[PDB]
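A.B. asks: What follows is query_1.txt, made up of compact mmCIF, C-alpha atoms and all ligand atoms:
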# COMPACT_ATOMS: atom_id res chain seq x y z
CA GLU A 1 94.14 130.27 103.34
CA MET A 2 96.44 127.17 103.18
CA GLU A 3 97.85 128.15 99.70
CA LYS A 4 99.43 131.31 101.26
CA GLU A 5 100.45 129.30 104.38
CA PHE A 6 102.08 126.82 101.86
CA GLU A 7 104.11 129.65 100.22
CA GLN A 8 105.09 131.03 103.71
CA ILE A 9 106.38 127.62 105.01
CA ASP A 10 108.02 126.85 101.62
CA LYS A 11 109.76 130.31 101.22
CA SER A 12 110.86 130.17 104.93
CA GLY A 13 111.75 126.39 104.52
CA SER A 14 109.89 125.70 107.87
CA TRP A 15 108.41 122.19 107.00
CA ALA A 16 110.61 120.31 109.56
CA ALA A 17 109.59 122.95 112.19
CA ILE A 18 105.77 122.64 111.51
CA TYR A 19 106.19 118.82 111.46
CA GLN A 20 107.94 118.84 114.90
CA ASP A 21 105.12 120.95 116.49
CA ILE A 22 102.59 118.31 115.19
CA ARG A 23 104.78 115.52 116.69
CA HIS A 24 104.86 117.39 120.07
CA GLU A 25 101.05 118.13 120.19
CA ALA A 26 99.98 114.59 119.04
CA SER A 27 97.87 112.40 121.39
CA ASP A 28 99.40 109.53 123.35
CA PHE A 29 96.98 106.78 124.43
CA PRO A 30 97.64 103.34 125.85
CA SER A 31 98.38 100.44 123.41
CA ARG A 32 98.44 97.62 126.04
CA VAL A 33 96.79 94.93 123.88
CA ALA A 34 99.41 95.50 121.05
CA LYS A 35 102.29 94.90 123.55
CA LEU A 36 101.05 91.56 125.07
CA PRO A 37 103.71 88.87 124.39
CA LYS A 38 101.16 86.63 122.55
CA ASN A 39 100.75 89.48 119.94
CA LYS A 40 104.50 90.00 119.16
CA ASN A 41 104.16 87.98 115.88
CA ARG A 42 101.08 90.07 114.84
CA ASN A 43 103.03 93.39 114.57
CA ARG A 44 105.31 94.18 111.64
CA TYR A 45 107.08 97.08 113.53
CA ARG A 46 107.58 97.17 117.34
CA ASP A 47 107.13 101.03 117.45
CA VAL A 48 103.79 101.07 115.50
CA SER A 49 100.79 100.01 117.57
CA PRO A 50 97.08 100.70 117.49
CA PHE A 51 95.70 102.52 120.56
CA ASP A 52 93.43 100.27 122.63
CA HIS A 53 90.49 102.68 122.36
CA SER A 54 90.33 102.69 118.50
CA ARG A 55 91.73 99.17 117.71
CA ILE A 56 89.70 96.85 115.41
CA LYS A 57 88.81 93.61 117.20
CA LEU A 58 88.53 90.32 115.28
CA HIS A 59 85.36 88.30 116.23
CA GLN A 60 87.51 85.13 117.03
CA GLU A 61 87.26 84.04 120.73
CA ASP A 62 90.95 82.96 120.94
CA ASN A 63 92.90 86.18 120.05
CA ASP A 64 90.95 89.27 118.81
CA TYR A 65 94.12 91.27 117.98
CA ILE A 66 95.08 92.81 114.60
CA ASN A 67 97.30 95.84 114.02
CA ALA A 68 94.44 98.04 112.70
CA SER A 69 92.71 101.27 113.87
CA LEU A 70 89.30 102.83 113.15
CA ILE A 71 89.68 106.55 112.24
CA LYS A 72 86.23 108.22 112.68
CA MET A 73 85.95 111.75 111.16
CA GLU A 74 82.64 112.93 112.71
CA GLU A 75 82.15 116.21 110.76
CA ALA A 76 83.17 114.67 107.38
CA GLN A 77 81.01 111.53 108.06
CA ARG A 78 83.93 109.36 106.81
CA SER A 79 85.55 106.34 108.56
CA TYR A 80 88.74 104.50 107.54
CA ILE A 81 90.48 101.42 108.87
CA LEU A 82 94.24 101.95 108.67
CA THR A 83 96.34 98.78 109.02
CA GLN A 84 99.86 97.48 108.41
CA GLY A 85 100.72 95.42 105.34
CA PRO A 86 99.76 91.88 106.33
CA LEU A 87 102.47 89.45 107.46
CA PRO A 88 102.67 85.82 106.26
CA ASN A 89 100.83 84.63 109.42
CA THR A 90 98.22 87.51 109.45
CA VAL A 91 96.86 87.28 105.87
CA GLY A 92 93.85 85.25 107.24
CA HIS A 93 93.20 87.87 109.98
CA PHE A 94 93.32 90.67 107.36
CA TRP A 95 90.55 89.09 105.25
CA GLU A 96 88.59 88.19 108.42
CA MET A 97 88.62 91.92 109.35
CA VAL A 98 87.52 92.92 105.79
CA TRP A 99 84.63 90.43 106.08
CA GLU A 100 83.57 91.40 109.64
CA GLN A 101 83.69 95.19 109.05
CA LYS A 102 81.68 94.94 105.71
CA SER A 103 84.37 96.86 103.82
CA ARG A 104 83.78 97.27 100.01
CA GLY A 105 87.35 98.45 99.16
CA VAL A 106 90.99 97.83 100.07
CA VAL A 107 93.48 100.63 99.29
CA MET A 108 97.15 99.51 98.98
CA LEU A 109 99.83 102.26 98.70
CA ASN A 110 103.05 100.15 98.58
CA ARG A 111 104.64 97.50 96.33
CA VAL A 112 105.22 94.06 97.82
CA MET A 113 108.98 94.67 97.49
CA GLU A 114 110.57 98.11 97.95
CA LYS A 115 114.26 98.90 98.59
CA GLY A 116 115.01 95.14 98.07
CA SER A 117 112.94 94.01 101.15
CA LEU A 118 109.39 92.64 101.51
CA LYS A 119 107.02 95.38 102.80
CA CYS A 120 103.89 93.16 102.69
CA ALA A 121 102.80 89.54 102.09
CA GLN A 122 101.25 88.71 98.71
CA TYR A 123 97.70 88.52 100.22
CA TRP A 124 95.62 88.33 96.96
CA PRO A 125 95.62 85.82 94.02
CA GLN A 126 97.76 86.56 90.94
CA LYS A 127 95.65 84.49 88.51
CA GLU A 128 91.90 83.80 88.11
CA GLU A 129 92.31 80.00 88.18
CA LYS A 130 94.47 79.92 91.39
CA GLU A 131 92.25 81.05 94.27
CA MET A 132 93.55 81.36 97.89
CA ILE A 133 92.02 79.55 100.88
CA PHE A 134 92.78 80.89 104.40
CA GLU A 135 92.25 77.74 106.52
CA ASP A 136 92.67 79.59 109.89
CA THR A 137 89.70 81.97 109.12
CA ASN A 138 87.64 79.82 106.70
CA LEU A 139 87.68 82.26 103.76
CA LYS A 140 88.22 81.82 100.03
CA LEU A 141 89.50 84.64 97.80
CA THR A 142 89.27 84.57 93.95
CA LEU A 143 90.60 87.06 91.45
CA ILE A 144 87.64 88.03 89.12
CA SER A 145 89.37 90.69 86.99
CA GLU A 146 92.40 93.00 86.99
CA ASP A 147 92.64 96.41 85.21
CA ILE A 148 96.36 97.52 85.02
CA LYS A 149 96.93 101.24 84.32
CA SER A 150 100.12 103.33 84.31
CA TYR A 151 99.95 104.55 87.95
CA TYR A 152 97.53 102.01 89.59
CA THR A 153 95.79 98.66 89.25
CA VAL A 154 92.18 97.88 90.19
CA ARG A 155 91.20 94.31 90.93
CA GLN A 156 87.74 92.80 91.48
CA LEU A 157 87.97 90.00 94.08
CA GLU A 158 85.31 87.61 95.38
CA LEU A 159 85.52 86.86 99.11
CA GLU A 160 83.59 83.75 100.20
CA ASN A 161 82.79 82.85 103.80
CA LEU A 162 83.28 79.07 103.62
CA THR A 163 81.22 78.76 106.87
CA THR A 164 77.99 80.41 105.46
CA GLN A 165 78.75 80.25 101.69
CA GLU A 166 77.93 84.02 101.49
CA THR A 167 80.05 85.90 98.92
CA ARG A 168 80.98 89.56 98.51
CA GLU A 169 82.73 91.55 95.88
CA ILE A 170 85.79 93.51 97.17
CA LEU A 171 87.58 96.15 95.08
CA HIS A 172 91.39 96.28 95.48
CA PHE A 173 92.86 99.70 94.56
CA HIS A 174 96.65 99.35 94.30
CA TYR A 175 98.66 102.55 93.81
CA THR A 176 101.84 101.11 92.22
CA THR A 177 103.99 104.21 91.48
CA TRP A 178 104.79 105.75 94.90
CA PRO A 179 108.62 106.08 94.66
CA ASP A 180 110.95 104.03 96.98
CA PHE A 181 112.32 107.37 98.38
CA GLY A 182 110.46 110.62 99.05
CA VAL A 183 107.04 111.51 97.60
CA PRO A 184 105.70 111.92 94.01
CA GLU A 185 106.84 115.22 92.33
CA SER A 186 103.19 116.00 91.31
CA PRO A 187 99.98 114.99 93.21
CA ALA A 188 98.10 114.57 89.89
CA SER A 189 98.25 110.74 89.70
CA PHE A 190 97.50 110.40 93.45
CA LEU A 191 94.38 112.67 93.13
CA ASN A 192 93.26 110.70 90.05
CA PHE A 193 93.62 107.52 92.20
CA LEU A 194 91.70 109.04 95.15
CA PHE A 195 88.84 110.14 92.75
CA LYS A 196 88.73 106.58 91.37
CA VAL A 197 88.34 105.13 94.87
CA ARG A 198 85.56 107.67 95.60
CA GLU A 199 83.81 106.91 92.28
CA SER A 200 83.73 103.15 93.18
CA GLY A 201 81.44 103.72 96.21
CA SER A 202 84.12 102.21 98.54
CA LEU A 203 84.17 105.39 100.78
CA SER A 204 80.40 105.66 100.97
CA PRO A 205 78.38 105.29 104.19
CA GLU A 206 76.34 102.36 102.71
CA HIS A 207 79.48 100.18 103.21
CA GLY A 208 81.76 99.42 106.13
CA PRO A 209 84.91 101.51 106.27
CA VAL A 210 87.53 101.28 103.56
CA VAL A 211 90.70 99.43 104.57
CA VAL A 212 93.86 101.46 103.80
CA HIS A 213 97.43 100.18 104.18
CA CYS A 214 101.06 100.77 103.21
CA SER A 215 103.85 98.87 105.11
CA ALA A 216 103.29 100.41 108.61
CA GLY A 217 99.83 101.90 107.95
CA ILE A 218 100.78 105.49 109.07
CA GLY A 219 102.80 107.31 106.32
CA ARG A 220 101.36 106.97 102.79
CA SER A 221 98.10 105.69 104.40
CA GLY A 222 97.98 108.86 106.47
CA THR A 223 98.39 111.05 103.34
CA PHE A 224 95.45 109.22 101.65
CA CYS A 225 92.95 109.76 104.57
CA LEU A 226 94.14 113.35 105.28
CA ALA A 227 93.62 114.47 101.62
CA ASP A 228 90.20 112.76 101.31
CA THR A 229 88.82 114.20 104.61
CA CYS A 230 90.23 117.74 103.94
CA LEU A 231 88.62 117.82 100.44
CA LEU A 232 85.27 116.53 101.81
CA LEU A 233 85.25 119.24 104.54
CA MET A 234 85.88 121.93 101.86
CA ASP A 235 82.67 120.70 100.06
CA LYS A 236 80.60 120.67 103.25
CA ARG A 237 81.61 123.99 104.91
CA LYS A 238 80.08 127.48 104.26
CA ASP A 239 83.73 128.78 104.21
CA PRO A 240 86.18 126.28 102.60
CA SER A 241 89.31 128.21 103.88
CA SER A 242 88.20 127.43 107.49
CA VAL A 243 89.80 123.96 106.84
CA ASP A 244 93.12 123.69 108.77
CA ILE A 245 95.16 120.64 107.58
CA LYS A 246 97.25 120.69 110.83
CA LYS A 247 94.06 120.49 112.95
CA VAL A 248 92.57 117.69 110.84
CA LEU A 249 95.83 115.72 111.08
CA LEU A 250 95.93 116.11 114.90
CA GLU A 251 92.25 114.93 115.09
CA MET A 252 93.22 111.84 112.98
CA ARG A 253 96.25 111.22 115.30
CA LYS A 254 93.81 110.70 118.22
CA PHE A 255 92.92 107.37 116.46
CA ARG A 256 96.30 106.08 115.25
CA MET A 257 99.81 107.22 116.12
CA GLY A 258 102.34 108.64 113.70
CA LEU A 259 100.07 109.43 110.71
CA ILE A 260 102.33 111.33 108.18
CA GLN A 261 105.90 110.07 108.84
CA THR A 262 108.00 112.90 107.28
CA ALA A 263 107.93 116.67 106.62
CA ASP A 264 108.00 115.62 102.95
CA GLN A 265 104.70 113.70 103.36
CA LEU A 266 103.19 116.78 105.15
CA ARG A 267 104.20 119.15 102.27
CA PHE A 268 102.83 116.57 99.77
CA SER A 269 99.48 116.45 101.71
CA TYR A 270 99.17 120.27 101.48
CA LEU A 271 99.95 120.15 97.70
CA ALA A 272 97.38 117.35 97.13
CA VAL A 273 94.64 119.25 99.04
CA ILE A 274 95.53 122.60 97.33
CA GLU A 275 95.54 120.99 93.84
CA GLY A 276 92.44 118.88 94.56
CA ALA A 277 90.53 122.05 95.71
CA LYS A 278 90.78 123.38 92.06
CA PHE A 279 88.85 120.26 90.77
CA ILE A 280 86.26 120.91 93.61
CA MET A 281 85.76 124.75 93.12
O1 LIG B 1 109.46 90.12 109.28
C1 LIG B 1 108.84 89.76 110.31
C2 LIG B 1 108.14 88.43 110.33
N1 LIG B 1 107.24 88.58 111.49
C3 LIG B 1 106.57 89.84 111.61
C4 LIG B 1 107.64 90.63 112.36
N2 LIG B 1 108.78 90.62 111.42
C5 LIG B 1 108.06 89.93 113.67
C6 LIG B 1 108.61 90.69 114.72
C7 LIG B 1 109.00 90.09 115.92
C8 LIG B 1 108.84 88.71 116.09
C9 LIG B 1 108.29 87.97 115.06
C10 LIG B 1 107.89 88.53 113.84
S1 LIG B 1 107.24 87.50 112.71
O2 LIG B 1 105.92 87.08 113.01
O3 LIG B 1 108.17 86.46 112.42
If you took the structure in this file and wrote it as structure tokens, what would it be?
C.D. replies:
Amino acid sequence: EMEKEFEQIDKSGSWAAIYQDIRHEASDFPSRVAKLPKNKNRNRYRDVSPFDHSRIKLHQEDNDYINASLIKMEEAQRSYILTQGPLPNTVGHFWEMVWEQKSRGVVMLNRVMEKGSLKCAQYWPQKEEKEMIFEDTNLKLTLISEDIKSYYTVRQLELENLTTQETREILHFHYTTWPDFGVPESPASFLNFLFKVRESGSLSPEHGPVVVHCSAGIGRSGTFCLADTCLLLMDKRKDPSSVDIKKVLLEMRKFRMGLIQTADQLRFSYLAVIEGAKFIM
């Protein structure tokens, strides 16, 4: 059981050691499309690339490339798109992907500015009456409503395909209180946030995969997907303590490199799964 394994690693202070074994066992697949010179202004970080095998392709004949991966968790029957925070020149591509993959939700785990630098473009409207038009991808985005709570904001957005005049409702789940350094002290507000996303239907198989991002799309984003999938597997399995976080994380790392960036994020993931298991047992 992971709770005892938690106490063992914590009492022995072995988190950096566990984390290094995960780093050493992690998959390494080609990312040739990411590294083409024509794609250098589509990547926020030169050392964070989708693998070719799991990369989301835009349906635009010119350049299909976006820094985004499909993470397919076969046993849990859950998919996620993990992506980087959009850049100024990729906001249109972002919303094109949302449209094309039939996503119902967008999960944002960063603030636009952290540590005095921009981590993400402002890619949604701040006021109802000032909609955004992405001329490159022929999409219109309108803010419908915004519910601001202590730890997170939920926004209803209308995405319109200007080409077909079809419209869809997108839910934007913005976790606003992840600290600039380290991880939250308690996983309570993060679990509350994850349960809210689940309750919305955004993670349900009726819809395309949820889009999840932070700045790079691997750290905080990783923690979100890892906790969700681990909790879902505990519901599904005859024996809930058969769930090994380290194995699930390595399975997720076949689809996108670097998921969970620090030993602190790994400890936090264990704590979130352990605490969330109480509200699921
Ligand atoms: O802050 C930026 C702005 N861009 C995204 C990324 N960094 C980058 C990296 C290498 C070359 C060009 C660019 S960018 O498109 O100007």
A.B. asks: In Å, with one decimal, what is the gap from atom CA of residue 87 of chain A to atom CA of residue 148 of chain A?
C.D. replies: 24.6 Å
A.B. asks: Residues contacting ligand LIG 1 (chain B) - anything with an atom at most 8 Å away, using all atoms listed in the file - can you give me those as JSON, numbers by chain?
C.D. replies: {"A": [40, 41, 42, 43, 44, 45, 46, 87, 88, 89]}
A.B. asks: Using 10 Å as the limit and counting only C-alpha atoms, can you tabulate each residue of segment 56-168 of chain A that touches segment 227-231 of chain A, with its shortest atom-to-atom distance in Å and the two atoms involved, as a Markdown table?
C.D. replies:
| residue | atom | partner | partner_atom | distance |
| --- | --- | --- | --- | --- |
| A:73 | CA | A:229 | CA | 7.6 |
| A:75 | CA | A:229 | CA | 9.3 |
| A:76 | CA | A:229 | CA | 6.3 |
| A:77 | CA | A:229 | CA | 8.9 |
| A:78 | CA | A:229 | CA | 7.2 |
| A:79 | CA | A:229 | CA | 9.4 |
A.B. asks: Take the residues from that selection and write them out as a PDB file, in the coordinates of the input, keeping C-alpha atoms.
C.D. replies:
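What follows is the written file again21.pdb:
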ATOM      1  CA  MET A  73      85.950 111.750 111.160  1.00  0.00           C
ATOM      2  CA  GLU A  75      82.150 116.210 110.760  1.00  0.00           C
ATOM      3  CA  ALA A  76      83.170 114.670 107.380  1.00  0.00           C
ATOM      4  CA  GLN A  77      81.010 111.530 108.060  1.00  0.00           C
ATOM      5  CA  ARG A  78      83.930 109.360 106.810  1.00  0.00           C
ATOM      6  CA  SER A  79      85.550 106.340 108.560  1.00  0.00           C
TER       7      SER A  79
END
A.B. asks: Around the point (86.4, 85.8, 85.6), in the coordinates given by the file, pick out the residues reaching within 9 Å, counting all atoms listed in the file, and return them as a list in words.
C.D. replies: residues 128, 129, 142, 143, 144 and 145 of chain A
A.B. asks: Between atom CA of residue 10 of chain A and atom CA of residue 152 of chain A, measure the distance and give it in Å to one decimal.
C.D. replies: 29.5 Å
A.B. asks: Restrict the calculation to all atoms listed in the file, then for each residue of segment 191-266 of chain A with any atom at most 10 Å from an atom of segment 106-121 of chain A give the closest atom pair and their distance in Å to one decimal, rows by chain and rising residue number, as a tab-separated table.
C.D. replies:
residue	atom	partner	partner_atom	distance
A:193	CA	A:107	CA	9.9
A:194	CA	A:107	CA	9.5
A:197	CA	A:107	CA	8.1
A:202	CA	A:106	CA	8.3
A:209	CA	A:106	CA	9.4
A:210	CA	A:106	CA	6.0
A:211	CA	A:106	CA	4.8
A:212	CA	A:107	CA	4.6
A:213	CA	A:108	CA	5.3
A:214	CA	A:109	CA	4.9
A:215	CA	A:119	CA	5.3
A:216	CA	A:119	CA	8.5
A:217	CA	A:109	CA	9.3
A:219	CA	A:109	CA	9.6
A:220	CA	A:109	CA	6.4
A:221	CA	A:109	CA	6.9
A:224	CA	A:109	CA	8.7
